[PDB]
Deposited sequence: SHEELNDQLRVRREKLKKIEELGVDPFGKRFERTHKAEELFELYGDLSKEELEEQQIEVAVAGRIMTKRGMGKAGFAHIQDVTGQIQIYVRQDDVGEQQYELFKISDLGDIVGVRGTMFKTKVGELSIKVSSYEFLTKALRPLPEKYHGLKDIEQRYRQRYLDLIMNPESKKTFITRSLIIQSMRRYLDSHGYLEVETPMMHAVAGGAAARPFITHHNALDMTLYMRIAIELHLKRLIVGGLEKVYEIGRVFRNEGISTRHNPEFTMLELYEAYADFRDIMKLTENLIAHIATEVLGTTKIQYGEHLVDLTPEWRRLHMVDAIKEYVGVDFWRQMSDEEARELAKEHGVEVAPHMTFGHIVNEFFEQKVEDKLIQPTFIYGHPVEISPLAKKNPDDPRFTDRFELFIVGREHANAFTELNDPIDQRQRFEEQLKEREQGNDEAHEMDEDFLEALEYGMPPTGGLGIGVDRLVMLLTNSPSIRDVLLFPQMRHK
């Protein structure tokens, strides 16, 4: 249907060339961007602009073009929006007017001219110089949820709002580092290719190094090397880097995502809760100018202090079941069968409690909530709670029914840590193939002495979704993993 349409364009290219101009342009000096023009000359009168001859120079893509004859208009779009340009043969000459006439929607051009207003009052640029910058061999679509991610470049051109989202994303990450850097946290870079994939319960992407003939695993967490830094005496460190998990895609999951991992010597999980809430309220204030944001049909208030609720209590409140009493694994399995909570063959009281939470409770936590007291069985890298060792001084931040962060009072006792790992291995022989793996090197590190520490993990992408009211993670990732 539109196969020679591409040939129509492939022809104007030949014509443009033989017309003596580089169809793919040279450098172009600009003076402003569309948005600056309106903010600087949007309120000036038509005749005072005509008098002032304010010369500008801009560049962009042709989104709309109209008017035949010896004069025409077109809307040029740059990163900040669109601005109308007006080209008259009796102004730019014949060669340039010809360049304007052959120009296609989608083609990129640069112009020099003066500000002025049409009778209808639109602010525009009276072109006195029309430069051809780039020929588009394929036309613009016209003005598909999944076709937007498959060709993000087309999306960014056609939907202004998407652009805003990604800009907002850059501001969020930038705001995060300014806060952390100013509070003494050292931004560092640790390995992404590991001998042993530790720091979480997750399946890894496996690769191989040819020269060193080594099997390397892409990191499923940043935790283990950062901890080595704490043993290293660095005290405060953070890292915002990519993490990789051989998992299937979700509305809130992507194989490679961005996580913030930070550790603070001499702090515990309650300290981290405060850090977490201040950090996020800060970012919201700095970037959006407020702590009250919309997400779905919810108005989420990020103003500290946020609710602290123990996982076991959350379960009593939303389910009506108690896990505070001493309980046998058998009794936990009964309560599970009764409430329709699924359990794995390797699960025990601890795992079951968490299943009760994740399956019957979490989705209902809308306002920022610090869920704490995660059972020790599912927290192999966290310190046991003193008063009741069945649970740990760990917490997960929940907002709009999903986890935005994971943190704990770190386990620096190396003997206990080794014991957690063996238990993890036992769980594996029992069906759990996400059980953590023994890392002697890491354990060796703890053996030189890691001070008491508080660690924090934050899903940056998810935070971005929250602050941009994005229903899917693929709306906040420039090139989400495609099924292909």
Gaps in the model (deposited sequence, numbered from 1): 1 to 3, 147 to 151, 493
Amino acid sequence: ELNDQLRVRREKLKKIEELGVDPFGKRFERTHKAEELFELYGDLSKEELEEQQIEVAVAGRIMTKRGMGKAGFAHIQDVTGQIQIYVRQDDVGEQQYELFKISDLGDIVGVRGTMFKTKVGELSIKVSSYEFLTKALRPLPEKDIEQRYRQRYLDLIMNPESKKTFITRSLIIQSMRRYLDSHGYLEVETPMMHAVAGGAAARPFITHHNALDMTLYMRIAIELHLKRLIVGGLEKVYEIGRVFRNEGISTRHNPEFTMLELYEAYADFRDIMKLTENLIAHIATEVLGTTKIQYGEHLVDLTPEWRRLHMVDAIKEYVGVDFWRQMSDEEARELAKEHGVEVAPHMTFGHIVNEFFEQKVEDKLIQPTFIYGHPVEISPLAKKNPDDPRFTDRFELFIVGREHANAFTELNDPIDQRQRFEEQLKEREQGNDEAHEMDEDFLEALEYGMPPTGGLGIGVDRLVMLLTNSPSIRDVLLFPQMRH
From here on, numbers count along this sequence of modelled residues.
Stretch with the higher entry mean CA B-factor, where the candidates are 264 to 272 and 99 to 107: 99 to 107
Higher-B stretch (mean Cα B-factor, as the entry records it), 70 to 78 or 251 to 259: 70 to 78
Candidate residues 125, 158, 382, 361, the one whose C-alpha B factor the record puts highest: 158
Per the PDB entry, maximal CA B factor within 58, 438, 445, 458: 438
Residue 415 - which third its CA temperature factor falls in, relative to the rest of the chain: middle
Chain thirds of CA B-factor: placement of residue 354: middle
Among modelled residues of the same chain, the CA temperature factor third for residue 175: lowest
Residue 153, C-alpha B-factor rank within chain (lowest, middle or highest third): highest
Relative C-alpha B-factor of residue 113, binned into the chain's lowest, middle or highest third: middle
